[PDB]
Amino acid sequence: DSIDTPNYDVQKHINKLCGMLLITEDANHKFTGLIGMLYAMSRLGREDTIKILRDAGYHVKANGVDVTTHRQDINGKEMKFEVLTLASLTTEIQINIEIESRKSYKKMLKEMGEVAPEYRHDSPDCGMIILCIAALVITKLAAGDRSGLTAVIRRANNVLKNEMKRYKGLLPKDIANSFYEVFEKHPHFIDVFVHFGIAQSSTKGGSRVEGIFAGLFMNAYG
């Protein structure tokens, strides 16, 4: 029925939401599967996402995704939070993700001073790092269970070694579980993910993380 169809205009915001989870020490990855799927949809854009969903036979009521402001007190001081209009993810859950991310960011500040771009929550490759785990999970979905979980974790520790040094919240077990859950609960995300992975993998050049993603995705075929 009602599905969030993020467009290109919110892609940066979703990438930062992925980044916020990636910098959180012992992050609660309950919504990471859904957030990574929202990121993949924002890369495809609303028109292509709806086309994929309808072509696959799904009944879709598209919910447009805008950025909005919510006010909330922190230490008795009013803070302004930018959130997305998502039918699948409440304002409260999004704000809690940011609050927990800010606590981990303060610990990083105390240890190393201001944080370098590649260790920040707004690094351009944050959404793609999350989708690297999804590429691994998609290879083990046919089993009808989570038996492939151990192999997912082993491959992620090897292939994503550099990204794990950058991010304390890059916990392959928890992120892989969140994707297994998102794909079991909402199988239409499998179609979306596969179309994303194909379109992503054919792109020329790009970042180191884009190359890692293309390698993992293509390894789910050969």
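Numbering starts at 1 and runs along the sequence shown.
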Quick note on 33-41 and 163-171: per-entry mean CA temperature factor is higher in 163-171
Stretch with the greater mean C-alpha B-factor as recorded in the entry, comparing 102-110 against 141-149
141-149
CA B-factor ranking of residue 222, expressed as a third of its chain
highest
When the modelled residues of the chain are sorted by Cα temperature factor, does residue 127 land in the lowest, middle or highest third?
lowest
Can you tell me whether residue 85 has a C-alpha B-factor in the lowest, middle or highest third compared with the other modelled residues of the same chain?
middle
Once the chain's modelled residues are ordered by C-alpha B factor and cut into thirds, is residue 178 in the lowest, middle or highest one?
lowest
For residue 58, the third of its chain by CA B-factor is the highest
